[PDB]
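Data block below; observations after.
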Amino acid sequence: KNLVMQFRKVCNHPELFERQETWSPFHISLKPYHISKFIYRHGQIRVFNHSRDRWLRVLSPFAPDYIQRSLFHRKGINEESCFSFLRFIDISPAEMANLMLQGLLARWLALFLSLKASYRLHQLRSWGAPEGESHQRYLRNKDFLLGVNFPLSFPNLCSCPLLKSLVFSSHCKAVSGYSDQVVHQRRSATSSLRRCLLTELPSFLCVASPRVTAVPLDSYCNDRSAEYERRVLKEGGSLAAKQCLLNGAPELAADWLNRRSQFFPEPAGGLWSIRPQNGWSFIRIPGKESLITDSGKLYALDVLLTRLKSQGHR
Amino acid sequence: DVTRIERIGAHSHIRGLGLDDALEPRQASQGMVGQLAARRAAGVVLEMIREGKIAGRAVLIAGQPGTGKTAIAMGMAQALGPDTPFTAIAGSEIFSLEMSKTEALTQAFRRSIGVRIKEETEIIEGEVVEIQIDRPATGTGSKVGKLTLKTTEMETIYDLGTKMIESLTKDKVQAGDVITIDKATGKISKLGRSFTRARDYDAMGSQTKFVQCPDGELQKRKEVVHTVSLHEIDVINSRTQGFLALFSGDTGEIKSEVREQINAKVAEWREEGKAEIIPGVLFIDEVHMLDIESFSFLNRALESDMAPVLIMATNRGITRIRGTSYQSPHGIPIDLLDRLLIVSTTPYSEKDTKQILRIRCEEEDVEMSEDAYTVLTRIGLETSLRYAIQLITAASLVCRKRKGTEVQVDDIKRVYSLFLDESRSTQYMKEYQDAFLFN
Amino acid sequence: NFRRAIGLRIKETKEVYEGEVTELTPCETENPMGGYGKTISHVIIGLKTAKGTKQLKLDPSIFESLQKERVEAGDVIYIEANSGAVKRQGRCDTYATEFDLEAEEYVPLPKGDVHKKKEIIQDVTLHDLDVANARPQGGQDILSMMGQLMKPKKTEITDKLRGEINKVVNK
Amino acid sequence: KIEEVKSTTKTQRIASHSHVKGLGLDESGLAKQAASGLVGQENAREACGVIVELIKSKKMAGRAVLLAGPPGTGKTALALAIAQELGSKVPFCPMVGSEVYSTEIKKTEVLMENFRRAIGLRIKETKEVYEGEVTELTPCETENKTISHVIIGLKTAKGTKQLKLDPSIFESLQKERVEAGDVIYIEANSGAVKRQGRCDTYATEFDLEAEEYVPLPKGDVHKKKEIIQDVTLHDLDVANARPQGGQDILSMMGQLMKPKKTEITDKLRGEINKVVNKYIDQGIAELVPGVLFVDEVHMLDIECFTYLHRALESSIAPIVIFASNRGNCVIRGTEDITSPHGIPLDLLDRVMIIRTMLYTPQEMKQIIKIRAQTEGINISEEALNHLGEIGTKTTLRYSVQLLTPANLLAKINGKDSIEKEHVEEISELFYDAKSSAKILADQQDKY
Amino acid sequence: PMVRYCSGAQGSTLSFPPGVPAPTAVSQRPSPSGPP
Amino acid sequence: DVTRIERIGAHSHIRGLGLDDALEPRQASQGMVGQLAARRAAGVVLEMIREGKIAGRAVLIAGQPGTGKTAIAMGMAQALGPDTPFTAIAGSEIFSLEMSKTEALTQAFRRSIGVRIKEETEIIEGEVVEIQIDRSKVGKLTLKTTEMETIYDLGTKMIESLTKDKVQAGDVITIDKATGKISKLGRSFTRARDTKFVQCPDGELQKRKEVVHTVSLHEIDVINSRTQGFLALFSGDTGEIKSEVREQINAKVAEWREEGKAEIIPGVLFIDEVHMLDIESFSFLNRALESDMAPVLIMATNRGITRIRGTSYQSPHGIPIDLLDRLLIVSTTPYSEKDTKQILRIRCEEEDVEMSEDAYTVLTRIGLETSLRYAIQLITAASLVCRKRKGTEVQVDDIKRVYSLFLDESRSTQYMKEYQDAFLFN
Amino acid sequence: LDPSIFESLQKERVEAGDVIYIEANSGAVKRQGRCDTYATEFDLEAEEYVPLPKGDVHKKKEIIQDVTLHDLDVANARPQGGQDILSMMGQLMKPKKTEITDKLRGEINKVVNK
């Protein structure tokens, strides 16, 4: 209003006049952050102090020599020392050193194996009640791992099937909470009510997206070895660390490669444990219901056709 | 005999405002009694909430301590029913460490707008007669399979897809399990075993109570209504796989770019007929706790078309607005007090005070003599109402300890000597004044 | 603290099958079904405890979990009777002498029957139910592991989780 | 023969400024007596008539106005009038002064996120994309094996192609669980893959499967299109500081962790300004510098008022609208100092003040009329005259607020319209700030 | 080449086609020595 | 014309601290006018920065509001140019919720002293004429400048780069030889038949380029903090960078200076609105100005004897004597009529608006009566009234119109007293 | 070389003809470039060629290192970054300064005495 066929097209359906585009976020990318060969070679404290950083590690009380010497070679008939708890947690002196000196990968692998070990500990802890561990004295290895004894601990919650329903909100199910649900039969048109059951949220409710989705700002450097280090980072920093985040542990990667060959495989643990409502990408393909909802005539037609189908009319 | 999680609270006897269909308050109805002016007025705002046509409405319920302000608010929360969101917040609760004051109000607002979605899908519901899963020796490794399902009337065989197969084996379904599959989504759900397989079985691979085989047609539709509030739509949208934050409380200070996008897409779901946006009530109980920073957010949050109705309660005279030295009515800044309608409650008569105690004994399953009600009414006028309300329980418990069937006046004279009124404790605190600390 | 002062007292059966595994006999039918080389109708697992030995007949699918474990004859193992999951504890103490060193903690032989049952009464506050729903411990999701490697925290639990817990404990 | 008509859904909800549709100026920029929803305030509307031409001129940066005048005088209504007068495309960014007290980022930086959100930018982004049913899918191996390429066969109604693609696309296809027969979409600029389920050709292949199925894509497999993006400089600033683009394990996981705000460095806003200047030089971009409306400005902290000196003097900044309803207050964060509008005299130079002023009874009647016909209600002239009297007794907002409660009372009482007998009851049920303060001062012994 | 699992009506069954290893081999106790 | 990101803001009319070679200011140049004492004083400070030999030298530009103390600091920031750092921040900008108030100053100092290096670089550049690849892999590339051609056999790590970046005949490419990154530059004009188009590079294909580079001292502190610390330059994650790391990076940069491997390039920390640092922050400035790698500190303030933040004590400038004793104070005195008119001329000439000589005269009266910054805002508004009126020039009735629409704070306060009980909280 | 230094040569992607810096105390290894006698091995390869060092194959200093008890406290309190970048777990957990317990400092004192 601000030829005649353009009005007729818009009356029939706006898809005749302007097709709804497959919208997707603006994909900005910046120049990479330029670090000179000079700062890369001489300016990294991790490198130019490496000979000094060694002495921070040689004087470390986490050295397995000093753990052993602090733990078993004490002088006093009674004597306080640190690492005394390593006899009551499962941890070895070299497990504690590796866990302290080898960073968040060694943390993650040691966690995944402690999840496994908790199921072995729980069925011991909850049935081995009679007599005693030796002479009715001596604390046994793992006696400080007490967090399994809570009724709601994951091993006990998996062992007893009732409580698993009170701990309903698991981390990868979109549970809204409890509701009533009504079921309708085709025969007789009769219906009945199911009282307080878990619900997923509606499958369509994730609809926001960033207006802009930038590439992670990389660092570029004028040095052959610096190029290899950024190539190792964009590959994912090692085969173990990548499998650990992607599949959940390197054992779950070696299993996932052959879950193909199993009838009853377990869940994946890493990022592939997730399936978000739309997939990970932010593009918003126009769903085919948008044909019905953009045209007043097509919406009117759909209520006529759903009636006429149910009446049995051609 | 058995006792549920909700029990006899302070307001459990209130079941609505006790108005008639011409909106007049009855003297005693739906548990509310007396208080005609404020109940009538709350009827008009309750009708305005339920009409839902207009956003950005505020009501302040005001008057002496112990005069039904919270009773009216926790009363209209029942008359409005459970299908429409009413959020009770004490004004203390916005003082978060995960988020700012203006965030905690933006959540309390948006948690008080419902987006009622009716979801319907075809479900398959049957006893599993068999499962066939076929696996290649190595190859490309694609599984294929069949499922046979039975009702008390009907049977069929499904040639399964690949995604169905991984769900059925993930959920370890077996022959004789009764299951309910969402045909639109490929989610299984399990009701339990059918009784019939007590004869042939292995050493137990599962144990439960049994369930009857499902009746009628094998394919049946299901209907669910979800009252998903805007705050939980913002949380779901704030990050991928955000769903646990609905329970965990983990998301602080959600992006404005998310909210202003949800405000658009919920309007589109209304115009598409996809979802019913239902306005609710935010009840900011004890609102004199809000800082002037929070009140200045309420000046301007309360003017979006996505604002709920809000209701407030206060028991404060001319007092300094919290966070400042400025004195004002109700401890609320005049910027907000100009922007709202004030419903003013009234102290009770003897007739009304006795009648409150009489509906209270009828909720607590207590019998008292008319002599006992007389003395307790006098106590509830000389002292506050809440003390007399509390002596009903203690007097019934003292009566039960002497194995009496009905509370007598001497059980109330006993309990009155046993548990003090504030006005009597504050008097005995004068004769031991040196022994108590920091007078 | 208000939600700590309300306790469920919720009761259930625990049932487990456990013992030193003296055999795992995949037990065949007399003939295969049409077009097949062989068929296993059940596995037989020869569990033993200090009270006795008894064979358990089990679903053929159990072998495709015993070989996801590393179960071998002379391990001690358990099976959750309500769930059919089989778990390995370790080589039985009976074998602790067969090398001067081996890299496993040898486990003492169970006592009582191979099949154990009791009913147990478990008492949880509604605040335990608030926490276990607010921060799940079920490990094999990337967000469960990240949430368990990050620092633990108290978090401002929503009135909605209180509502949903109330709606299930009333059930 | 027969006629049928249908509608099935609720309206937009009515709200406290929803009658305001523009400033109600004439072609000369003079104010009409009553137009575009507003009445009265002719000086303040004529002034805002200069300001809407100030915004649309684009030349200026960090110019500011302060709407100042008593409660109920229409200050936030005039900033809403400006927001309507500019239309949809120039960004109007509403803010309340008490939003600066974040618990994640400094008060002195919440303002910069708001400033940078008020500078809009329109981008002709060319996206080039592959889509189709996956008819073939094979990775190509290389020594440490590693993957060097993936080959994807894609099919559409217009034909088929077989493309060599980067191993980051294969990692994306594996992440998305893509298999043969799946309809997929890939944009080569983002490297981003979307699955849409198996093609409709396969919808018969199982009796029971989890999949939604889609019709085979149309046009060629490889094609490029403009998206005319609307974006803001804040939306560039934040999207780089916690990056969710790219496809690697890190960006895939910054998309999962709690979305905490962060104190964006001045250097990043610098490198963003350089990148948007290059998109303007290339003709790909149009800048649309808009408005930041800091309502309730009188309670920014003095930290924030002193930051506004650097922000309003920036060559980049949007135009700014403040509002204050306050007299000679103490300035927040100072305890000693008092100044007009609660704003420091140091900032009060940097603003063109727009005085907004109290109403005549005639303007209150006329607002109450324009408001009643916006709330969708019919009111008798004797009842509207009575609300005009309540306006002179109390305030414009209380007098407006009675309208809907009186309409509920009217339809309960069975009338079609507000009669004076309805307003005269609603006035007894609901007190205002002045009348409640009388009973609350008389009864002050018991509160 | 299809190995098949029948969760059958009367009882379960796993099936291997001829020439697939049927890799669920038996496990048994080879007798240990007497005293330590 | 299109509009830049950077538009005509308050100080955008200034393009330098206008001065002669003898550090005497002429009445108006490089955008700024008047202030002959304070511009000469600022010129001497600009030469101390430009020379760089003394660390932690500091100046306080003090004066009545709207007397150019931000203006001369902006003129100085422009006259100092690129290639020497100048970090402007406001006094309230250090008050992080995420990082210590004392660290945020430590950090702002170090953003403003550069470390400069130069490095020899092997760059190939040319039109690719022909490119061949076959199965390890073997292959061969050719390039052309305007003045030579070459054929090069390719090693494996070039094959996995020319193919990876889809290089084709007729592209113009730049290769960083040491890394194998292909910076393409569109296609050559001789293959613009059948992307930007460009002329081929000149000279020889392989250039030993020399690249000068500059890194902030803070920016070396941050690269050293995390697995990819440089993201915290941009993202703001840089909370509490450990002082025993800075102590090592200063020791490293000092030996790069002594060995001549690098040179430190001292810039300016321009802390605007200084009067609202806490006394804790002033204590930090008292000691932080006393180190080899302290930059020049320029401070601005417009306060009388005033209570200093975090205390009950009153002191000049709202700064403690501990800090005022460590600096030189330059005083910006308020304008004459003729200077005020001349400031308004350069604002008109920056905004591209004409006005009559009597319009400038009444606008100068308004500027004297209502403290200048308001009269600069009347230019902008009066010239929009002309555009609505279809007038070509600001006349006196356009100014007298806008002067009646928009109030200054003194008239707005006078019209606040007619409504004194109607406004809140006074 | 021990096998751990060889793992470091292999992480630095060293081959015959590369110019290497080895430090025998620290076990630090840096590749510096291919020796320029191989600079004709291809006409363009994506490597930097450095001239064969004009210096001794083997150099000694008695260096005298300075370190403080706070360097020990900090570098032993939290789990170390552990890897020479060459990782991406170290992207997730940003560092923070932390309240190092008086019980750790007890062990650092008992170790420095040793």
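Labels for the chains are A, B, C, D, E, F and G, by order of writing; each one numbers its residues from 1.
The rule is short, and it goes like this: contacts are C-beta pairs under 8 Å (C-beta built on N, C-alpha and C of every residue); 3 or more make two chains touch, one makes a residue touch a chain.
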{"item": "Chain pair with the higher count of C-beta pairs in contact (B-D, C-E)", "value": "B-D"}
{"item": "Maximum centroid distance from subunit G, chain identifier (CA atoms)", "value": "B"}
{"item": "Distance between chain centroids, defined by C-alpha means - subunit D, subunit F (Å)", "value": "31"}
{"item": "Geometric centre distance via CA averages, subunit G-subunit C, whole Å", "value": "46"}
{"item": "Gap in Å, rounded to a whole number, between the CA centres of subunit F and subunit C", "value": "65"}
{"item": "Intercentroid distance (Cα basis), subunit C paired with subunit A, Å", "value": "23"}
{"item": "Residues of subunit D engaged with two or more neighbouring chains", "value": "71, 102-104, 235, 240, 249-250, 253, 255-257, 271, 325"}
{"item": "Interface hub residues of subunit F, defined as touching at least two other chains", "value": "178-180, 228, 233-234, 237, 424-425"}
{"item": "In subunit E, residues with contacts to at least two other chains", "value": "4-6, 11-12, 17, 20"}
{"item": "Complex interface listing, subunit B residues touching subunit C", "value": "4-6, 87, 96-98, 172, 174, 202-208, 232, 241, 244, 246-250"}
{"item": "Subunit G contact footprint on subunit D (complex, rising order)", "value": "249-250, 253"}
{"item": "Subunit G-touching residues of subunit A, taken from the complex the two chains share", "value": "46-47, 50-57, 59-62, 66, 70, 82, 99-108, 223-225, 227-229, 232-233, 236-238, 241-242, 244-245"}
{"item": "List of subunit D residues in touch with subunit A within their complex", "value": "6, 123, 125, 127, 129, 172, 175-177, 185, 187, 189-190, 192-196, 214, 225, 227, 229-232, 235-236, 239-240, 243-246, 248-253, 255-256, 271-272, 275"}
{"item": "Contacting residues of subunit G [partner subunit D, same complex]", "value": "88, 91-92"}
